[PDB]
Structures are given as C-alpha cells and as structure tokens.
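Visitor: need a 3D model of the sequence below.
(chains A, B and C, ligands or ions: 6)
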Amino acid sequence: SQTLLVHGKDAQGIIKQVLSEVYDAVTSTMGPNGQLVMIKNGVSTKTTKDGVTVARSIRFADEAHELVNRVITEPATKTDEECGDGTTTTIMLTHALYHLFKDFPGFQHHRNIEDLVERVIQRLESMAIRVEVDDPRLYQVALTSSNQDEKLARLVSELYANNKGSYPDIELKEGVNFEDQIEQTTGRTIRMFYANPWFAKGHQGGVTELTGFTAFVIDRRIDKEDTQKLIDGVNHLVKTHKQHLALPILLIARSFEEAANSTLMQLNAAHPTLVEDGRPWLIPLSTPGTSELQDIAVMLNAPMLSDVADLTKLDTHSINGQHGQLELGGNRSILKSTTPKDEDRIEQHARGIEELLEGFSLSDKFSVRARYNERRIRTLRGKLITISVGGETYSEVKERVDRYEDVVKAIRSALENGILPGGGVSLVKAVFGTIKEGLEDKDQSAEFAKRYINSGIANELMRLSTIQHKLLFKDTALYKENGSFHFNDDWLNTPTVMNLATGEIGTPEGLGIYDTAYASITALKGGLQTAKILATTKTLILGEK
Amino acid sequence: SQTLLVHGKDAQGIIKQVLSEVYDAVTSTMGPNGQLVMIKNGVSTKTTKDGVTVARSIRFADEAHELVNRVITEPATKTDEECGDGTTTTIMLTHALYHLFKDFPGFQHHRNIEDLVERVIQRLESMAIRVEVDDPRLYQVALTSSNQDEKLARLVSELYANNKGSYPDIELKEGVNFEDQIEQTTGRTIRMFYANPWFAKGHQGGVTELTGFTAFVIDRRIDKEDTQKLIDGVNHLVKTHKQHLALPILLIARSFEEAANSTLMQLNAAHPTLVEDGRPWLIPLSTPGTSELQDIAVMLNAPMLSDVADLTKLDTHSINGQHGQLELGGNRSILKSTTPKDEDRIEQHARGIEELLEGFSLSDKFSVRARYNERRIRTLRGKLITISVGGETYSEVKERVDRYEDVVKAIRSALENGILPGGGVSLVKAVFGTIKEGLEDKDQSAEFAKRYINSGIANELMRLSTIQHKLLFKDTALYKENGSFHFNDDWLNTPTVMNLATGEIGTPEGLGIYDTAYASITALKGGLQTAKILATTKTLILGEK
Amino acid sequence: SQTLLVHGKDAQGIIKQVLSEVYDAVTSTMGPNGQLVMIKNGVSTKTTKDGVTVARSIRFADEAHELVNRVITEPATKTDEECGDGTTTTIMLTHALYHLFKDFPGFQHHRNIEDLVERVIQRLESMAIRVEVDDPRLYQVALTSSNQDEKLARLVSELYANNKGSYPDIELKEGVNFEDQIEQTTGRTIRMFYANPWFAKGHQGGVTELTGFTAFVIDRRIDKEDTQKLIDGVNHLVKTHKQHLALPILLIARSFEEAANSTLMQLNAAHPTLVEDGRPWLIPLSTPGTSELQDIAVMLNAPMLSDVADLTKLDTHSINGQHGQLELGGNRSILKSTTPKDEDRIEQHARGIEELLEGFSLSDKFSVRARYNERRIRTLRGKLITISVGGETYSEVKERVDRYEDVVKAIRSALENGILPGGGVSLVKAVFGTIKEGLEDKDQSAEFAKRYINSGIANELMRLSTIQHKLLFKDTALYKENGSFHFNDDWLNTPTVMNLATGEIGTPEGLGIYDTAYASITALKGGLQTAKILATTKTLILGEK
Ligand SMILES: Nc1ncnc2c1ncn2[C@@H]1O[C@H](COP(=O)(O)OP(=O)(O)OP(=O)(O)O)[C@@H](O)[C@H]1O
Ligand SMILES: Nc1ncnc2c1ncn2[C@@H]1O[C@H](COP(=O)(O)OP(=O)(O)OP(=O)(O)O)[C@@H](O)[C@H]1O
Ligand SMILES: Nc1ncnc2c1ncn2[C@@H]1O[C@H](COP(=O)(O)OP(=O)(O)OP(=O)(O)O)[C@@H](O)[C@H]1O
Ligand SMILES: [Mg+2]
Ligand SMILES: [Mg+2]
Ligand SMILES: [Mg+2]
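Guide: Numbers count the residues shown, from 1 in each chain, chains lettered A, B, ... in the order given. Ligands and ions are numbered 1, 2, ... in the order given. Now the structure:
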C-alpha cells in the first residue's frame, strides 16, 4: 500500500511483467516434451506438467501484479472447465497477440487487428474436420489429449465406437483395484431429484426404484403462494381420473420450497389406501434454460405446464401414465427401461434439436447457445456408463481419474464441433491462408492490402502463427537443419511436424496428432480478447473501499 | 499523522496533485475508444470502462489526499445517481475550470468567471432540443448512452414509443434466460408500505390484494403520544359511519412507531365481526416533500388530514370508500384497477402540477424543486413494466442490468428536460455564442469587453470548451490533417466530429450522436462549483477530535 | 516471500544446491564405516548412522529449498517402508543420474539415457539370485542388513530355516529382560477385527476366543442403506437353517457404519435363547484390493457374496459352519486350530496365487501388483511368532527393535524377489554388461553405437556405476595401491571388495556381503525417475492460494 492508483507507463510495465512471467512458466510445460513445475501446498509437493494446474496456482506477491494475473489466468482456466485440454495454447496467443497490439498503436490499427484475427478464426471454424465415432482419428485425438496413453485412448474411443448410434454419458469413481473396471447400463442420466428426503422409500433420501409412474412437468418455482392450487390439482387427479393412472405421481418442477413440501407430505397421508409397502404415491422433484424441462417432459410422456392451476384442467388426452422403469435419487434420477414406442417419441424430438443446429451459422455453431442444445441431445440420446478407475497407489488412482476426464471432455467436443491437425500447424495454415484469400481476391485486394499488408500487420501476424510450432520443435531434430525453418509453399501443402513420443517426422495427419476444434478456436478467440484488454488498459486501482 | 493542519502552498499543491491524478484516470475512460481500468476488490478483478465505477472506486493513501478526492468524486458520482450517463464530463470541467480560476487570481476576477460561465449555462439551457417519445432521436440518445447497444437502445425507445401518452415506470430483475423478457402491467407504483408485518393476509408481511378499501391520509408521525386519538377516531368511524364504508380502512401516514402499531392490533381484535378471511380491516401504512402524501390522497380519493384528532369530525362528504383494486406490499403498494371516474380526478391533479412547470423560470426548470415535481407526475400518470434482463453468464446479466439502468435514466431525463448535439460540440457553440452575444450587443459591449475580453478570460474559456472535442478526437483521422484543428466560423455553423464506433466523419446531428441536456448542463454547473471550491481552499484539517 | 515464481537458471541452481547438500549428508552414513549425523528433537539428541533416519529428518530454511528436498527425500523414505535397508543407495544414484542428464542435454539424449538405464535395470532383474530358506546366504544378507549383528542375524535366519515350509509372520514387542525371548504359535494373523466393542465377550472390546463358528464374507460397505436386508438375511438364517449351524455367526465385511452396528445389536437381543454365557451370537467384522476378503473367505470356508440381499437365497451347499478355533480381537483376529481337511483347501488356493506369479513378466515380478499378491500368500500360509526384544536400557531395547524390523523386512524381500552380490559390484557388472551386450550383438551394433557409445553416454554411465564402490572403499586398503582402481576384465570375472567389519579382501560372494535384489533394483528405478524429475524441472511455485 505505497500507491493505490497506478496510471500509464507504470501500469503497462506491470502488465507486461506479469504476462511475460506467466508466459515463461506455463508454456514450458507444453507438449509431451514440456518441462516440469513444482508447486507448494502446505507440507507436500504437487510436481506437474499439466498447464491448467500451473496456470491456476501461480500467485504473485504484489496486489497490483496479482490483479493482472487474474485477468490472464481466469480465461485459460475457463477453457478447460468447458472444453478439455487447451489452456496453455490460450495463454501463448494472449502473449503473442498482446505483443502485436503494442507493435501497432493508434486505435484504427487496433480495430484492423481485431478484424483480421476474427477472419482467421472463421478459417479455423471452416477447417474443422467433422468426424464420426467409427473413425480411427478419435483414438488419435484421445492419444494426443492423454499425453500418449496407449491404454486409455484405446478404451474411450473403443467405448464410443462400440456404441455406434447413441452418445455415451461417462462418469468416474475412485477404484479399489490395479485394473480398471466398467459398468455399462442402458440408462439415461436425467437432471431431476428429490425435493425433500421424506419422499424416498424408507423416508430418508434413499434410491427409490419404480416400475410405473405418471409424470407432470411444471415450469414455475413453488413456494408459500402455490399451496392452495396443489391441493386443488392433486385431489382432482386422484378423485376424477383414477382409472387411467399408474402410481406414483411425479411432480417435476424448477424448485420446491419448504412450505410446499410440507403440504405435499400431508396429501400422501390423506389417501393411505394407495400407499403400497411404505412408498409415498406423490413426489415433488427439483432441477437447478427452460428447455431442459421440456426434454424431461418428452422423456416421460408428461405434459408441459406453465401454471400450477393447470393441473385441474386435464383429461385422458393429456394424462398418460407410463409403465416403464425409473430410479429416483438424491443427486439425480435415472431412466432405464424405455419401450420402443417411447424411444420413437424421443428420437423425433432429438432430430428437431439437430435440425436447429444444421441451419445455424458457422460462428454460431461454436457459441454457448449451440453447445447448450448439444447438451440436451446427449441427455436424451445417451447411455450411462460408470468406470471405476484403478492404479497402484491412491494418488495414481486420483491422478488417472483426471486424465480420464480430460479425454472424455475432448472426444465429446471433438465429434461435436470438429478436429484439426495438431502441432501448431492448423494455426499457420489458417493465418497464411486468410492473408492469401483477400489478397488474391481482386474485388477487395485494393483495401485489404491498404489495412493489413501495406501497414505490415499481415506479416507480423504470420510470424506469430509460427510461435506454437517453434515452441514445440525448436531444439529438436526438425529444426537442426537449415538454421531456423523455411515456411514456404512446399510446407503449406504437406506440413511436416515431429511426433515427440516416437521421434519420427511427417505430417500431423500421418503421425496421428490432432487437436480438438473447440480448443484451438476458443484459445484464439479468448487469446484476442485478453490480449486486447491487457494492451488497452492504462490504469490499476488497488483500493478496497 | 506528521502534520494535521495544512495551509497555503502545501494545501493547493495537494489539491492540484489529487485533481490532476483523478482527471487522468477517469478521462482515459471517455467515449467508446476510451482505455480501461482494472479494479481490485479482495480476490477478484472488475475491469471496466464506466467512468462512474472508476470515479467511485479511486482511493488515496494519504488522508489529506483522500480528503480532496472525496470533494472531487462525490459531485460526479452524484450526477449519475439522479441523471444517468454524465459523470466523466463533470470531472473534466472540474479540472478545466480549476485551471481557469488559478490562471486568473484576485476575487474580482473570480466573481467575473462565475458570471460568464453562468451565462454559458443559460446558453446551454436554451439550446435544449425538446423531444417527443415519437422522435427517432430518442434511439440516438439511448444508442449513445449505451456505448452502441443495437439491441438495447432499440428496445427501450420502442417501449417508450409504444406507450405514447403515459410515461413508463421501469424496474429491473436478474433474469434466468439468454433472452430478455418483458412484463407489462397497467399499474402505478405507490410509495406506501406496511408499518408492521402483522397487518398483511396470513399475519406475516405478505402481499395483500384487495378489491375495495377506504383510505385516510395523515400528515404527522405517529408514536406513543397519539394512542388516545386513534381509539377516538377508529371507534367513531365504525360505530357512526359504517353504512358508507368498504373494508379495509387504510391509515396512511409518515411514520408508525412500535407503540401505535400495538394499539391498532388490539382495535382489529376489538371488532371480530368485520374480519373477512383473516385480512385485518385496519392497516397503518408508512412512507420514507409532504406533497407525495397529497398524491397518495388524490389517487385513493382520501381526504388530506393534518392532525390525528380530525378523524372524529368527518361526514359522508369527506369520507369516500373506493371499490377499485389495490395490492399492499412490504417494499411498496401498487394500484391496478382504476375506474374512469378516478382517472378524471388524477389527470386533473397531474395537469395542475404541469401548470407550475410551464411557468417556471429557465434556470428553475433544471433545479431539484423541478425534478421532484416531475417525479410526482410519473408516480401519478405512469404504467409499470418489469424487465428481467438476461445474458450468457451471471456477471453479464448484472453488467447488462446496469447498462439498462443507465439508458433508462438517460431517456427519461432526455425527453424530460432536453437533448443536445454531442461529441463535445454543444459546449464550444455555447461559449463561442455567449462571447459573441455580449460582444455584438451594442448596449453592454462597453463593459462586457472590460470584464471578459479585455482581461483575457473569454479567450481562456474559448480554449477550454475545446477540451472534450480534443480528448475524444485527438490521435484520430479528424485531427491528423492540418496540425491541430481550426475552430472557425465554417466549423461553428456545421460542426464536424467522428463517430468512434463506425469511423466516418460528419455532424453530431447527421451521425446521430446526442448527449442528454440535463447531463451536460449539470456537468458544467457541478464543474464550476467544485472548481471554485478547490481553487478557493487554503486550509486542510485532518484531526479526528 | 521476496519472489514466489522462480524460473530457469534460478530454479535449476536451487535443485542442484539441495541435491548436493542432501547427497553429502546421507551418503556419509553409508556402510559400517559411515560417519555420524546428530539430529535435534526439542530437548534431546538422537545421534545416528541409519540413512533413512538422516534423510527423513533433513530440513531446509527457505520454502523453495524444502520444496525440492521433499522431492529428493520422499522416494528413498518410501523404499524402506516397503523394502527394508535401501535408502542411501536411492539418493546416491538420484545424484549420479541427475549429473548424467545435465552432461547430455537436448531431449533426444534424455530419451536415450532412459532407455539405456532401463536395459541396465533388466540385467539386474535377471541377475537376481533366487534363494530357499535352507540357504546359508540368508544369514549373509541379514548380517549385511544389520551392520554386522552376529546375535540377531543368526536368530532370524534360524527362525526362517527351522520353519522350512511355512513362511513365518513376525511381530515385535519391547521386552523386559537383557536376553531375547520368542513365542511360537501355530496361528495365522487375519485382517478382520471388531466393528463395535459391544460384540466381544464382556461387551467392551475384549479378546473373544471361540471353538466353533459360521462365517459369511460380504463385499459392500454397510451403512444406513442396508438395515432392511440384514434383518431379512439374519432371521432367514436362524429360522430356516438352524440345524446345520455352529454359533457364533460372523458377518465379515468391508465396513460397518454406526447405523448398521446398532441394528445387529438388536438382532442378538431378538433371539436370547442362543446367548451362551453372555457371548453375542452375531458379530460384524471390518477390514481397512478386494482379493484379501477372498482369502478370509477361503480360510474360514465362508461363501463370497457381492450384495447384502444374497444372504436370503442360501443353502447347505453354500453354508458350512466350521468347528475349528478362532480368536476375535480389536486390532486383528487370529486362527489357530485348522483341520488337515481345511489346510488342503488353503494350500490349493495358495498354489493358485503362486501359479499367477510363475507366469508374470520379469519386470512385473518386481511390481506392487506382484508384492501385494505375495502379501496374500504369507497371510494364508504363515505361522505367527512374537519376539520380545531386550537390551541394557529402554533406549537400546527400542533401538534394537528397529534393527530387528529392518532384518525381517530384508529377509522377507530377499527370498521373495532375489539376492545380488553387494559392495557396489552388481551395479558395475550390470552396466558394463549391458554396454557389451548390445555392442557385441551384430544385429543392432550399428545404432547402439550411434546412440550411446559414440555420443559418450556409455562411458559416463559406466563411470557412474563405480560411485558406490568408490564411496565404500576409496580411502581404504583396496584403493591405496595403483593410484585409483582398474576395473578391467580380470576384475569383472572375480570382483574384489573389502569387508569393512573385518578388514580382509575378497569377493562379495566369498566374504558374504549380499544386498537384497528388491533394494538395489528399486534404488536404481527410483534414482532414474527422481533424477529425470529434478533435471527436467524449470519452474518453482511457492504460492499458498
Ligand atoms: N506427440 C506430439 N507431437 C507433437 N505435438 C504434440 C504431441 N502431442 C501434443 N502435441 C501438441 O501440443 C499442444 C498441446 O499441448 P498441451 O496439451 O501440453 O497443452 P494444452 O492442450 O494447450 O492445455 P492443457 O494443459 O489443458 O492440456 C497441441 O498444439 C498439440 O498439437
Ligand atoms: N459514437 C460516438 N462518437 C463520438 N462521441 C461519442 C460517441 N459515443 C459517446 N460519445 C461522447 O462521449 C461522451 C460521453 O462519455 P461517457 O459516456 O464515456 O462518460 P459520461 O457520460 O461523462 O459518464 P458515464 O461514465 O456515467 O457514462 C459524450 O461527450 C459523447 O458525445
Ligand atoms: N561388511 C561390508 N563390507 C562392504 N560393504 C558392505 C558391508 N556391509 C554393507 N556393505 C555395503 O554397504 C551398502 C549399504 O549401505 P547402507 O545400509 O548404509 O545403505 P542403505 O541400505 O541404502 O541405507 P539404509 O540401510 O538406511 O536403508 C551396500 O552396498 C552394501 O554392499
Ligand atoms: Mg492435459
Ligand atoms: Mg454509462
Ligand atoms: Mg539398516
């Protein structure tokens, strides 16, 4: 607390200090050849090469430095929390693009750097190699994202390929044995669960399996206001429409407050003739994006309802009690048995969501909105699998669980969005291409030249695409010959890289080195934003009021 | 705590230091091109360009320095809290005018600077372009005050323009979805609320809806002194005048203390024949400027009463029980159903307040006295709308709620008081107008020249009106040609600026760049005083006694 | 707390600093000639030469230095916890191999050094001399591991050799006398113990001896979820199948939570007719690697059961109550009386585990997978013995107990995995052999030369195998002649060392100086990993988040 207000040269000096320091730490771990980072936590030592673990746990002494560090880190951290294996690439570009912005000052040049890089992103978005579960490149992506795990990459891509038709939902648990072990189900993970522990079998939050139910989906949150309409709706359903009904009745909703749960507890005891072996016949279920409830409505053949008063106005046309098989739970509910008739309804709805995605724009296909609709698809069409991951020690078990989870994340987002050739090649093909497109285009060559090429940003941006390919293979066999390396036309057609596991040289395509499309795009997208913010900030305020 | 008394050279040296530091930090965030500010708060980083959020959160290490900072910050902070988008302009002029005051010392010159700038405020006040909700310039103000929000400016201007007759009262909630959602009501927000939670339906502070009531507005604050007269008045109303009475009875007042609420609770229990389904038939209501209660009286057809003893001396002439529809609440009460007979009374009372604003002086029209009276008009004639603002994250939703809030505040005060051409032009036109008006006027040129032109103040002030235009457009396409820029007669007739979003050059009128009149006027008003205060201070005291 | 982020030159310097200080301290204790280390602990002084004790309790002032010290110390400490006598070796090589990694930089050389040393490991693994309990080398191993204890080594070797057939399980107690005293039993230590103290005789955790029982092994952890099925299973067993039953019933499992134990307390009280002299007839037993319960199932003739619901569906074909003799206990249970009919079942299961080890790989034979399976064999076939260790003080008794425990750990892992000739010789033979093997082989001598010999790695790695032999005998009778020492053919065929206890010179085989194979292997394996880690670290982080 010497100076709480830092403006101008000093500010940009500290920004540049923190960036370059964070850059040298995190990039050192990149690739399988990356060098290590030892981290302190109290009385132990987590020694690692995982870039996400380095990025997250770097800390600074000065509040002003740490203020900048959080701006560089929380974008890269946030990539893996949604993607899987692509954090270090984000920080690299943040550094490279920041260095660019400062090379070309004046806030027309800045707007030209934004526009050019956004057009490079579009080339990557179009480059996306779409892939099916049959494909052996899935193994290659998983082999890439696992730091060469012969055993692991083989399991997951087999597990996806062996379910050629339905997209698997995988969960992980700490295993007891040395060997791993799999637990396949024909079950669908559903996002609903108990409102109160009383509504389970045994009356204490147990896992209630059922062989028949009659579901209803409400949109509104239920609190002290709704207590009248529940008694109206429930006694209407059991008194009038008891003929076409399979117990128990599920009331699926957004939220159930403690006032509403106590009322529905009394409604179960009101009709004790329907209580078979202790099981309550009425269960309220909660879910923590209103379309995720429409899925739940569609899965269980339940009607969609907007108000709690709508339960009175119902008929056999809208009420349909399923004779399937459900497992209600405290964390989540699981549907197992689905008749061919019910799966027919769910696939037709699943095509409808895929038909919205088919016609989305190119950049819209990599949006949050798009990834949220693909989440809904996996909920509907997707079997449940539970892998108990093993190892020699407990610490290898827990370490291996993380490397399983990174792979699962990558394979899913690979076939979802796309795949690209790795080794920092796809980035170089993209930049060098986007320059050649607008320049070769005689229509806009006039102005395209005057902004980018004429100014010299094009050639700067071309040198920066190299960074990754330099970081990986500078000081290896590939770079020993011919001083540095000639990025000529002959390379651009058939791009040579080195596999750092085996040692051999060839194309990324031939050697089997692939990145996920969503990573290297979202790295660049976030890399630009965070490079801009750093480059365009001129003031730091340390005063907690 | 070295020195607790600072006089003279040392005192002004700190003021100049603090004013220059706060200037550089805040004015860097001006315009859409504006550079950013990172702010610490514990373990997070709010990075922003909003000059308010910067201004408010600047802190200084030395107590002496922070003493002066509070004086420079609180006026600019206090502009947004009543206007919406007009804070950075305040600090700019506070700097600019401080420099003017010190350039011309001696307390005859000081008096002259005030008078000249005060006449410049009048020329701004007369430049105010009055605008209807119909007008497409409302979009242009909203667009400007939103930093180019195509979606937001369109929505709020559509919402005002679709209600061409009744001025909307908007509120904002944290929305769940990606999309926004709109909740239009035919309701008027009223400032009364429950004294005690016992008086609602269910006896715990709930939202009691009613379809009939008989209100009585009291002026005085109620405490232990008034417990006798309530029992006199209440039993007089129920025993004698029960025939012309619709329950419940509303006792609206300034403040109900805990002694009086315990008495009225017993008065409800005293007559249990009138308690219809729990609802207490007597409710005391509180409000946190006595004419706001006169509005509440006119809305509910209740008689205005000075003393609590007046409740006995009443008749069927003074008492009038409404059969409308009211919703009593803990934060505020709302009236929805109003019979065309009632809105005939309310509109006539609304015109009567507009009668006072028509004939007010020009400088009186921008006062607090004026704006408070306009607050009354919106309480009387105004529908209620509640927008649940959405987005991708929680932080974007809360970020976007403020940008909604700032646009609403602007649009309201735009049509309320006026609209001016932005881009720091209007200020130049104002100063170059005021100097020429007094100079060209044959009657007062003899003395006008001797004060302002001969002493050199006019030329100083002419240069300072440029400050805003220079900060925005220096280092751009507009200032590149011909060194600096020529503010000649050719410019004053048709003033050129640069739209910083698009990059094209033109008039503020032609490009659609508009500041609110109340902002740029209250920026100057506040600029002068605060500049005066800083320039006319020669002693700082730090001692907590 | 000056800097929390150490990168590059600074990082490697501290690693080298710490390694070379930890090397100097621990290696000085090596062999019987080793020099001493005094260690503080509050208000006393443990003065020692046992390398494990040195390494573990070395600390550093700077957090950065202690960060690295944990990485050097935790591997060698973790050798003796499983192996017995082999920590200083591990550190010695960690130093040596680190040195090598730095001499040959560039990460193709790093992969070469690994592959070469990995083949040196294989040659040691093949050099492993397998040994029977009858053999007099077991004494020679013990003699080495005890720093020459004539009285101790003789006992433990005599103890294993007198039980020529069954592998003795040894435990230790602090004795009262000067002399040692032994307590032989025909008892088998079993890993089950009381869930709750209520289930023992006297109802407070006592040692309940039984002469008849009927055991049942459950796989799952038992908590509040399983309380229904236990009452279903227990009353099914006692009501239906009471004829073929010997009390008490033992419910062996993974874990019994306090909800399940309170249920079984009521089930004993439910049938008081079967309570003979206080003893509860139903005991739940817990165990803190799923195949160890299959051993417990086989030892007691109990059926293996996955679910708790399986107890209902049972028959005389699956149920068999033993009429042996068991001793239940708080820490562990003990089986004494086993009929020849039972031991036939247990020996056949033991051979079945051994037939898995017959068919393992050479490198897999030294795995934790292998060592866990061999732990199962000793539990099955293995008589119990308890030695109360004596001495002249309390401190010598406790000192001597550790040296017993090292010899037991060594002798067990010697005959388990193998024996090698000590005096640092087998390391020199292995390295000098592995070089000559690949070189001599005309098939691969083309490339083997190009990688290892031509580069100079071979000659460096050969020099480093000397390290151990140099540190023992440099500055002795063996090294005084001929300046340094010639490691020619003549030596390799008959490798001369010195017995530092006597003084005389001869072969390690002849003098009787033998290392445990598992030690000098797992030292090298660990030395390579930890050298690599140290040599490939270029970032230290001290930030406590
Ligand atoms: N065998 C290989 N040969 C060459 N390059 C490889 C190989 N495996 C991975 N890469 C490259 O290394 C880069 C990925 O590095 P790495 O996985 O260490 O960091 P990241 O994916 O950016 O972030 P994270 O720490 O989340 O994994 C990719 O550009 C990829 O092409
Ligand atoms: N597209 C544009 N082109 C040119 N000038 C613009 C544009 N948009 C806004 N401005 C100018 O920016 C100034 C307003 O600055 P800004 O909105 O950053 O701060 P403020 O309104 O003083 O306070 P606050 O921080 O509360 O918004 C006005 O003078 C206006 O003319
Ligand atoms: N009488 C002896 N003559 C020659 N060498 C010996 C003799 N006794 C032991 N050694 C050698 O000394 C080495 C063992 O030393 P030491 O027991 O101090 O190391 P360590 O086993 O790694 O440490 P710790 O026993 O604390 O785990 C072996 O190489 C062994 O061959
Ligand atoms: Mg990874
Ligand atoms: Mg604003
Ligand atoms: Mg020892």
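
Visitor: list the contacts of residue A:152.
Guide: A:142, A:146, A:400, A:403, A:404, A:407 (C-beta atoms under 8 Å, 6 or more residues apart in numbering or on different chains). From N, CA and C alone the C-beta is placed, and that goes for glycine too.

Visitor: run through the residues that contact the second one.
Guide: Right, the one you point to is residue A:146. Going by C-beta under 8 Å, 6+ apart, the list of residues near residue A:146 reads A:152, A:153, A:403, A:406, A:407.

Visitor: near ligand 1, which residues of chain A are found?
Guide: Contacts of chain A with ligand 1, taken as C-beta under 6 Å from any ligand atom, map to A:30-32, A:34, A:50-52, A:80, A:85-89, A:144, A:422-424, A:468, A:472, A:497, A:499-501, A:513, A:515.

Visitor: would a markdown table of the contacts of residue A:146 with secondary structure and distance to residue A:258 be doable?
Guide: Formatted as a markdown table, the contacts of residue A:146 follow (DSSP: H, G, I helix; E, B strand; the rest coil; distance: C-beta to C-beta, whole Å):
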| residue | secondary structure | distance to residue A:258 |
| --- | --- | --- |
| A:152 | helix | 45 |
| A:153 | helix | 48 |
| A:403 | helix | 42 |
| A:406 | helix | 40 |
| A:407 | helix | 42 |
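
Visitor: can you name the two of those that sit furthest apart?
Guide: For these, the farthest-apart pair by C-beta to C-beta is A:153 and A:406; their separation is 11.4 Å.

Visitor: about what we covered before: write a ChimeraX command that selects only the buried members of the residues of chain A next to ligand 1.
Guide: Here the buried members of the residues of chain A next to ligand 1 are turned into a ChimeraX selection, burial being counted by 16 or more other C-beta atoms under 10 Å in any protein chain shown:
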select /A:30,31,34,50,51,52,80,85,86,87,88,89,144,422,423,424,468,472,497,499,500,501,513,515
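
Visitor: the residues of chain A next to ligand 1 in helices, which ones?
Guide: Those of these mapping onto helices are A:51, A:52, A:80, A:88, A:89, A:144, A:468, A:472, per DSSP state H.

Visitor: please convert these to TSV, extending it with distance to ligand 2.
Guide: TSV is the format used below for those (distance: C-beta to the nearest ligand atom, whole Å):
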residue	distance to ligand 2
A:51	38
A:52	37
A:80	35
A:88	37
A:89	35
A:144	46
A:468	38
A:472	44
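
Visitor: which of those residues come close to chain B?
Guide: For chain B, no contacts are drawn from those by C-beta under 8 Å from any C-beta of the partner chain.

Visitor: okay, those residues in a markdown table with distance to chain C next?
Guide: Shown next, in a markdown table, are these (distance: C-beta to the nearest C-beta, whole Å):
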| residue | distance to chain C |
| --- | --- |
| A:51 | 11 |
| A:52 | 14 |
| A:80 | 17 |
| A:88 | 13 |
| A:89 | 18 |
| A:144 | 18 |
| A:468 | 17 |
| A:472 | 11 |
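
Visitor: tell me the one of those nearest residue C:533?
Guide: residue A:51 (17.5 Å).

Visitor: surely residue A:185 meets residue A:386?
Guide: Yes: the criterion here is C-beta atoms under 8 Å, and residue A:185 meets it with residue A:386 at 7.5 Å.

Visitor: could I get the contacting residues of the residue nearest to residue A:194 when sequence neighbours are not counted?
Guide: Leaving aside its sequence neighbours, residue A:194 sits nearest to residue A:330 (C-beta to C-beta, 6 or more residues apart in numbering or on different chains; 5.6 Å). Going by C-beta under 8 Å, 6+ apart, residue A:330 touches A:193, A:194, A:197, A:200, A:205, A:207.

Visitor: which of those residues tops the neighbour count?
Guide: When neighbours are taken as other C-beta atoms under 10 Å in any protein chain shown, the top entry among the contacts of residue A:330 is residue A:194 (23 neighbours).

Visitor: beta-bridge partners for that residue, please?
Guide: Under the criterion DSSP bridges, residue A:194 forms beta bridges with residue A:285.

Visitor: do I have it right that it meets residue A:332?
Guide: No: using C-beta under 8 Å, residue A:194 is not in contact with residue A:332, being 10.1 Å away.

Visitor: name the nearest residue to the closest residue to ligand 3 within the stretch 351-500 of chain A, ignoring sequence neighbours.
Guide: In the stretch 351-500 of chain A, the residue that lies nearest ligand 3 is residue A:393 (20.9 Å; C-beta to the nearest ligand atom). Excluding the flanking residues, the one nearest residue A:393 by C-beta to C-beta, 6+ apart is residue C:368, at 7.9 Å.

Visitor: kindly report the same for residue A:45.
Guide: Residue A:45's closest residue in space is residue C:70 (C-beta to C-beta, 6+ apart), at 4.5 Å.

Visitor: same question for residue A:509.
Guide: Nearest one to residue A:509, counting by C-beta to C-beta, 6+ apart, is residue A:421 at 5.5 Å.

Visitor: how near is that neighbour to chain B?
Guide: Per C-beta to the nearest C-beta, to the nearest Å, residue A:421 is found 30 Å from chain B.

Visitor: do you know how far that residue is from residue A:473?
Guide: 15 Å (C-beta to C-beta, to the nearest Å).

Visitor: please apply the same query to residue A:77.
Guide: 27 Å.

Visitor: out of those two, which sits in the busier spot?
Guide: Between residue A:77 and residue A:473, residue A:473 has the larger neighbour count (other C-beta under 10 Å), namely 22 against 15.

Visitor: how close does that one sit to residue C:100?
Guide: 25 Å.

Visitor: next: residue A:535.
Guide: Residue A:535 is 45 Å from residue C:100, by C-beta to C-beta.

Visitor: likewise residue A:505?
Guide: Plainly put, residue A:505 is 27 Å away from residue C:100 if you go by C-beta to C-beta.

Visitor: neighbour count for these two, which is higher?
Guide: Set residue A:505 next to residue C:100 and count neighbours by other C-beta under 10 Å: residue C:100 wins out with 23 against 15.
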